[PDB]
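Undergrad:
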Amino acid sequence: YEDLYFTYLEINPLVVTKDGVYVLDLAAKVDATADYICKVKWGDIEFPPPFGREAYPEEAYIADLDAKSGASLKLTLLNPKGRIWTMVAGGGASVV
Amino acid sequence: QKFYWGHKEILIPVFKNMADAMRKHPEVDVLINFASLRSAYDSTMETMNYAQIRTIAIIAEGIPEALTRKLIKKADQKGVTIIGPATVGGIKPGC
Amino acid sequence: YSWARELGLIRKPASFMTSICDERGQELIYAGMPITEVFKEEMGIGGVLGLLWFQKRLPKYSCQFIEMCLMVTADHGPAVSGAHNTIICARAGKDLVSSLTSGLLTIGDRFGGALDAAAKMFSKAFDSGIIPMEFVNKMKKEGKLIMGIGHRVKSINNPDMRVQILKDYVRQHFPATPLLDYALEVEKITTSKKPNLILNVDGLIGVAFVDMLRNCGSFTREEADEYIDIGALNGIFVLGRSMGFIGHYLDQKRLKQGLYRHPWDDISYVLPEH
Amino acid sequence: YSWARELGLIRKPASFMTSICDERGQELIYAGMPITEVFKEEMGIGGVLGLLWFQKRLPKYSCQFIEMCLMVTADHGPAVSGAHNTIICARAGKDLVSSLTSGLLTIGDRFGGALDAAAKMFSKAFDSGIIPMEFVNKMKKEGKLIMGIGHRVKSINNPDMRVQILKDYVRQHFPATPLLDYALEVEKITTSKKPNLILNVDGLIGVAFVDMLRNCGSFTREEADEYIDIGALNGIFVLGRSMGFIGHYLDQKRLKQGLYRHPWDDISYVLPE
Amino acid sequence: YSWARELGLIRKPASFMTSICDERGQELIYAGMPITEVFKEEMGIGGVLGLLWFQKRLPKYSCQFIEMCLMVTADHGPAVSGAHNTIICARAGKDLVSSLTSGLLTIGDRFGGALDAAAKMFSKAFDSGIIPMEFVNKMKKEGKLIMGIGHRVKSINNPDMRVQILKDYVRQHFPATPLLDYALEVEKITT
Ligand SMILES: CC(C)(COP(=O)(O)OP(=O)(O)OC[C@H]1O[C@@H](n2cnc3c(N)ncnc32)[C@H](O)[C@@H]1OP(=O)(O)O)[C@@H](O)C(=O)NCCC(=O)NCCS
Ligand SMILES: [Mg+2]
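Structure, rendered in structure tokens:
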């Protein structure tokens, strides 16, 4: 847990029989920012998005722009047929 | 390094080693740390070996949580005020 | 003396030793190859440079690559240290040779040094057996920046065209490029830090040249390593940029540009108090 | 100032003016042509020289000729004034740039001058309208030797290979060569005096280059005549020979040659009493 | 820009920094001393060199010594690397500046280097605290020759006049000469 920079690790159930230890289930989070240290051990680690609907093609486009730059470009569609659209500068202000 | 004090040019010393900066400037009690997320941890830990420094501002966004916890621990035990990480800092008008 | 030497009565040791060119013959000889053969075999500037500098008949790809280097290093505007001096000089009414030399004399350390520096640094690291990541960290610890890494504007999304042109030629025609491969792996690490920490043209030429000397098959390891050390790579930049500098000199003369005097406003006078 | 200039509040005139290269762009530009186009169009060293020195896209035969000149002027042994100084310098433990410059600084008058001199002399004579025989005699009367005429061993029967190589390329590819024709006619006269009074490589390059500028069709006469005057021809020799000199520098370092001190036996001391 | 700067509306940092000479004034200033004072105080070439190179008003003995150095180093025949190149160059029909530079460009390592080298070597050894004999042996072990030691003809019985002239001036006018004393002790060992 420490050596691979986890922030959360759960094994439910952990099974111990006469034969040995079995890890039946595993739920974990890693501190993604530790990549510069752990890249070697983690490899090409993938962080899945939470279960739910998949990204519209426009969401995927913006995600690609964000990943390829030092700038923050975020977009999530709530109601495609809504009449109120926002293009706000800053993580704080966008919430407000 | 050349800088401006209004319209008058002044010189600010630049040091390779922090040890030399501290030695030549005992009047300093604040350190503003622009080290990248990779070297922010080590440079902050190093600063805390100089008792004159009482406040450290850590600008870097992206320091692993486990490391920040270690910085917090050392700062707490040494009485050093940490502003940050991932901050612009603060402002005291007139000061 | 002339006569005694003719009859072989006396011996006098030569003070000088040469091995690149022999003008004494019926025909001019460049490193064993007569001038007519040089043209007949279509050597080119690259080919001729191979004989005079390395005293070797290099493969065609090698010659073409040398010519390519000379072309990308030809000029880089008038803002650079060397160009500036040559322009100042030309403007101060001097001749071609004086103006050129005035500029060339800035080449060496902080200006034009990078080619040699990069080649040396990367060779050392590769040959020492350290892996790219170990190298990156070694340099950080030693308080040294990597030579041939970094660009002002160009990034991993916005590439340098000169680097693109050269990388592609080398990939296509060089049988083996192990040092270039190593350097590109170092670039993978540095660009993951800051995006503009790209393998620049000075680094690209440096490592490519080392790969050309070692893997073209004309040189022993000793020979390839000596050529790097004695500064053959400095020669490439000097010869290459010499074109640009002559270019500027002619330009200023053609533009009928007057004497330069630096404005006082750009000068910070910090003289002792009387 | 940075900020004021951004908001376009102030203007400050440039002290400098350039027209050969622009490094500020997304791509490097050589006289209007972007570096990728330079390679795509297969310009070569000759082509690049045309852009930086003349700010012209020259015909392929002109580029190939320029490259040819750079090749024949590359070296001529270590006995020459410039090579000698570079060698001395390299031997005195100096760096490449110092050693090269030490040698280059001898180029100009009695060493390396002949190309420019020949071109200028023959152009003057041709353009003045005097016939080759009138020219030969004019020079004799003025007590002047013809620049680009004569050789130590090479004669009319035993030709100079460098001159042969170049003469042949020029005849084959140049549309017109009036100055070369004039010079060769002067050579017919001088060789009829002494057989070794041939048109040498300095003379050949000089007059060939003038014919290339004037008749390649990229330059106006004014342009061609200005380029000769401002010393483009000196540039050819300097750039060309720079290879040979770097060659010698590397050679002396590789040969691990010690410090040179001139022997006193070769020096005639004629001091006051 | 000229106007905006006059009214102090904009600021632009200087790209250059100087501290040796100011030509902008009513009078020319060399390191704080006006040119008329330079002559009035009878500084000489040595004095002027002290201001421009060190930005200091040196004692008269120091100035006189600098002038003395410049005099003994003036020439040493045409056989030397630099002289040779300058002569070759002059003979190849070049101008003064080209001919001079051609020669000067040989100065640095194997030719003209010794002054700097000797000063550096001896300073290091003295300052490191090693005694002259320890120094001599250290150099032998390291496979290094002492810089500023040795002569082709001149010996301990047949002295170099230039060295005699200079030694004697220094002994007479320098308040203290500890490094010279150290070097002369090294010379006792090598001779
Ligand atoms: C007469 C002799 C001494 C000199 O002849 P030479 O070497 O051919 O003559 P020069 O050195 O004067 O050169 C010939 C010409 O070339 C010209 N010339 C040389 N270099 C030149 C150059 N670069 N450009 C132009 N003209 C040039 C000279 O001006 C000279 O012109 P000129 O004939 O109109 O005066 C010689 O031929 C000789 O020894 N002859 C033997 C005669 C004999 O048998 N004697 C009797 C014993 S029995
Ligand atoms: Mg479960």
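Protein chains in written order, with the deposited numbering: chain L, 192 to 287; chain G, 539 to 633; chain A, 825 to 1098; chain D, 825 to 1097; chain B, 825 to 1015. Cβ coordinates follow ideal geometry from the N, Cα and C atoms, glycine included.
1. Measuring only between beta-carbons, confirm whether residue 989 of chain D sits less than 9 Å from chain A.
2. Along the chain, where does the alpha helix (DSSP H) that runs through residue 594 of chain G open and close?
3. Using only Cβ atoms and a threshold of 6 Å, which residues come within that distance of a heavy atom of ligand 4? Order them by chain position.
4. Could you spell out the range, first to last residue, of the beta strand (DSSP E) harbouring residue 827 of chain B?
5. When the cut-off is 9 Å and only beta carbons count, does residue 947 of chain A lie next to chain L?
6. Kindly list the residues whose CB is nearer than 8 Å to the CB of residue 916 of chain A, restricted to its own chain and excluding five residues on each side of it in sequence; keep chain order.
7. Ligand 1 and residue 929 of chain A: does any heavy atom of the ligand fall closer than 8 Å to the residue's C-beta?
8. Which residue spans inside the segment 953 to 1007 of chain A form an unbroken alpha helix (DSSP H) run of at least 4?
9. Please find out if some non-hydrogen atom of ligand 1 comes closer than 8 Å to the beta-carbon of residue 991 of chain D.
10. Examine ligand 1 and report whether any of its heavy atoms sits within less than 8 Å of the Cβ of residue 1030 of chain D.
11. Between residue 977 of chain B and residue 935 of chain B, is the Cβ-Cβ spacing less than 9 Å?
12. Does DSSP put residue 1087 of chain A in a helix, a strand or coil?
13. Using a C-beta to C-beta distance shorter than 9 Å, which residues of chain D count as neighbours of residue 932 of chain B?
14. For residue 920 of chain D, collect the residues of the same chain with a Cβ closer than 6 Å to its Cβ; drop the 5 residues on either side in sequence, then sort them by chain order.
15. Which class does residue 285 of chain L belong to by DSSP, given the choice of helix, strand or coil?
16. If you draw a straight line from the C-alpha of residue 251 of chain L to the C-alpha of residue 233 of chain L, how long is it?
17. CB-CB under 7 Å to residue 1108 of chain D, same chain, minus the five flanking residues each way: which ones, in chain order?
18. Below 8 Å, can you find three or more Cβ-Cβ pairs linking the segment 940 to 950 of chain A to the segment 965 to 983 of chain A?
19. At 7 Å on the CB atoms, spell out the chain G contacts of residue 926 of chain A, in chain order.
20. Could you tell me which chain A residues have their CB closer than 7 Å to the CB of residue 547 of chain G, listed as they occur along the chain?
21. Taking Cβ-Cβ distances below 8 Å as the criterion, which residues of the segment 980 to 1012 of chain A are in contact with chain L?
22. Mark residue 1016 of chain D as exposed unless 16 or more other C-beta atoms lie within 10 angstroms of its C-beta, in which case mark it buried.
23. Assign residue 1096 of chain D to one of two classes, buried (16 or more other C-beta atoms within 10 Å of its C-beta) or exposed (fewer than that).
24. Closer than 8 Å, Cβ to Cβ, to anything on chain L: give me those residues from the segment 585 to 606 of chain G, in chain order.
25. Could you confirm whether any beta carbon from chain A is found closer than 9 Å to the beta carbon of residue 1075 of chain D?
26. Would you mind telling me which residues of chain A sit closer than 8 Å to residue 261 of chain L, beta carbon to beta carbon, in chain order?
27. Measuring alpha carbon to alpha carbon, tell me which residue in B/870, B/925 and B/897 is nearest residue 890 of chain B.
28. Using beta-carbon positions only, say whether residue 880 of chain A and residue 914 of chain A come within less than 9 Å of one another.
29. Roughly how many angstroms lie between the CA atoms of residue 838 of chain A and residue 912 of chain D, to the nearest whole one?
30. Just to make sure I have the definition right: I need the residues of chain D whose C-beta is within less than 8 Å of the C-beta of residue 935 of chain B. Which are they?
31. Out of D/1040, D/1057, D/887 and D/847, which one is the CA nearest neighbour of residue 865 of chain D?
32. Leaving out five residues before and five after residue 859 of chain D in sequence, what residues of the same chain have Cβ atoms less than 8 Å from its Cβ?
33. Report the option in A/892, A/882 and A/861 whose CA atom is closest to the CA atom of residue 1029 of chain A.
34. By Cβ distance below 8 Å, which residues in the same chain neighbour residue 1006 of chain D in space, the five residues on each side in sequence not counted?
35. Starting from residue 864 of chain A, trace the beta strand (DSSP E) both ways and give me its first and last residue.
36. Within 10 angstroms of its Cβ, does residue 1004 of chain A collect 16 or more other Cβ (buried), or is it exposed?
TA: Answer, in terms of the structure:
1. For the purposes of this step, residue 989 of chain D is taken as residue 165 along the fourth sequence, with counting starting at 1. Residue 989 of chain D counts as touching chain A.
2. Position 56 of the second sequence, counted from the start, is the residue given in the question as residue 594 of chain G. Per DSSP, residue 594 of chain G belongs to no alpha helix (DSSP H); it is in the beta strand (DSSP E), 593 to 596.
3. Only ligand 1 and ligand 2 can be found as ligands here, which leaves ligand 4 out of the picture.
4. Within the fifth sequence, numbered from 1, the residue matching residue 827 of chain B stands at position 3. Segment 826 to 830 is the alpha helix (DSSP H) holding residue 827 of chain B; no beta strand (DSSP E) there.
5. Numbered from 1 along the third sequence, position 123 holds the residue referred to as residue 947 of chain A. Output row for residue 947 of chain A: interface = no.
6. Within the third sequence, residue 916 of chain A is the residue found at index 92, counting from 1. Excluding residues within five positions, the ones whose Cβ falls inside 8 Å are 1083 and 1084.
7. As a first step, residue 929 of chain A is located in the third sequence; it is residue number 105 there, counting from the start. Not so, every heavy atom of ligand 1 lies at least 8 Å from the Cβ.
8. Along the segment 953 to 1007 of chain A, the alpha helix (DSSP H) occurs as fully enclosed runs of 4 or more residues at 956 to 966 and 985 to 997, listed in sequence order.
9. Walking along the fourth sequence from the start, residue 991 of chain D turns up at place 167. No heavy atom of ligand 1 is found nearer than 8 Å to the CB of residue 991 of chain D.
10. Translated into positions along the fourth sequence, residue 1030 of chain D becomes position 206. No, Cβ of residue 1030 of chain D sits at least 8 Å from all heavy atoms of ligand 1.
11. Sequence index remark: in the fifth sequence, residue 977 of chain B carries index 153 (1-based). Sequence index remark: in the fifth sequence, residue 935 of chain B carries index 111 (1-based). Their beta carbons are not under 9 Å apart, which means residue 977 of chain B does not touch residue 935 of chain B by this criterion.
12. Along the third sequence, one-based indexing puts residue 1087 of chain A at 263. Looking at residue 1087 of chain A - three-state DSSP - the assignment turns out to be coil, as it is neither helix nor strand.
13. By one-based count along the fifth sequence, residue 932 of chain B stands at place 108. Residues of chain D passing the Cβ test: 916, 917, 918, 919 and 922.
14. Within the fourth sequence, numbered from 1, the residue matching residue 920 of chain D stands at position 96. Here the set comprises 1073.
15. One-based indexing of the first sequence puts residue 285 of chain L at position 94. DSSP, read as helix, strand or coil, puts residue 285 of chain L in helix.
16. Here the question's residue 251 of chain L lines up with position 60 in the first sequence. Here the question's residue 233 of chain L lines up with position 42 in the first sequence. It is roughly 25 Å from the alpha-carbon of residue 251 of chain L to the alpha-carbon of residue 233 of chain L.
17. Missing from the structure shown is residue 1108 of chain D; chain D here goes from 825 to 1097 and no further.
18. Per the Cβ contact rule, the segment 940 to 950 of chain A is in contact with the segment 965 to 983 of chain A (3 or more Cβ pairs under 8 Å).
19. Sequence index remark: in the third sequence, residue 926 of chain A carries index 102 (1-based). Correct list: empty, because the minimum Cβ distance to chain G is about 28 Å.
20. Numbered from its first residue, the second sequence carries residue 547 of chain G at position 9. Ordered by position in chain A, the residues that pass the 7 Å Cβ test against residue 547 of chain G are 1092.
21. Across the segment 980 to 1012 of chain A, CB contacts with chain L closer than 8 Å involve 981, in sequence order along the chain.
22. Residue mapping note: residue 1016 of chain D aligns to position 192 of the fourth sequence, counting from 1. Around the CB of residue 1016 of chain D, fewer than 16 other CB atoms lie within 10 Å, so the residue is classed as exposed.
23. Locating residue 1096 of chain D in the fourth sequence gives position 272, counting from the first residue. Here residue 1096 of chain D is exposed, its C-beta having fewer than 16 other C-beta atoms within 10 Å.
24. Along the segment 585 to 606 of chain G, the positions whose C-beta sits under 8 Å from a C-beta of chain L are 600, 601, 602, 603 and 604, read in chain order.
25. In the fourth sequence, residue 1075 of chain D corresponds to position 251, counting from 1. Closer than 9 Å: yes.
26. Taking the first sequence and counting its residues from 1, the one referred to as residue 261 of chain L is at position 70. The contacting residues are 1019.
27. Here residue 890 of chain B is taken as the residue at index 66 of the fifth sequence, counted from 1. Checked all of B/870, B/925 and B/897; the closest Cα to residue 890 of chain B is B/870.
28. The residue you call residue 880 of chain A lines up with position 56 of the third sequence. The residue you call residue 914 of chain A lines up with position 90 of the third sequence. Their beta carbons are not under 9 Å apart, which means residue 880 of chain A does not touch residue 914 of chain A by this criterion.
29. Within the third sequence, numbered from 1, the residue matching residue 838 of chain A stands at position 14. Within the fourth sequence, numbered from 1, the residue matching residue 912 of chain D stands at position 88. CA-to-CA, the gap between residue 838 of chain A and residue 912 of chain D works out to about 14 Å.
30. The sequence position of residue 935 of chain B within the fifth sequence is 111, counting from 1. Near residue 935 of chain B (Cβ distances below 8 Å), the residues of chain D are 916, 917 and 1083.
31. As a first step, residue 865 of chain D must be located in the fourth sequence, where it is residue number 41. Ranking D/1040, D/1057, D/887 and D/847 by Cα distance to residue 865 of chain D puts D/887 first.
32. In the fourth sequence, residue 859 of chain D corresponds to position 35, counting from 1. Excluding residues within five positions, the ones whose Cβ falls inside 8 Å are 851, 852 and 853.
33. Taking the first residue of the third sequence as 1, we reach residue 1029 of chain A at position 205. Ranking A/892, A/882 and A/861 by Cα distance to residue 1029 of chain A puts A/892 first.
34. Taking the first residue of the fourth sequence as position 1, residue 1006 of chain D is located at position 182. Result list for residue 1006 of chain D: 946, 949, 950, 956 and 1031, in chain order.
35. Looking up residue 864 of chain A in the third sequence gives position 40. Per DSSP, residue 864 of chain A belongs to no beta strand (DSSP E); it is in the alpha helix (DSSP H), 859 to 864.
36. The residue you call residue 1004 of chain A lines up with position 180 of the third sequence. When all chains shown are included, residue 1004 of chain A counts as buried.
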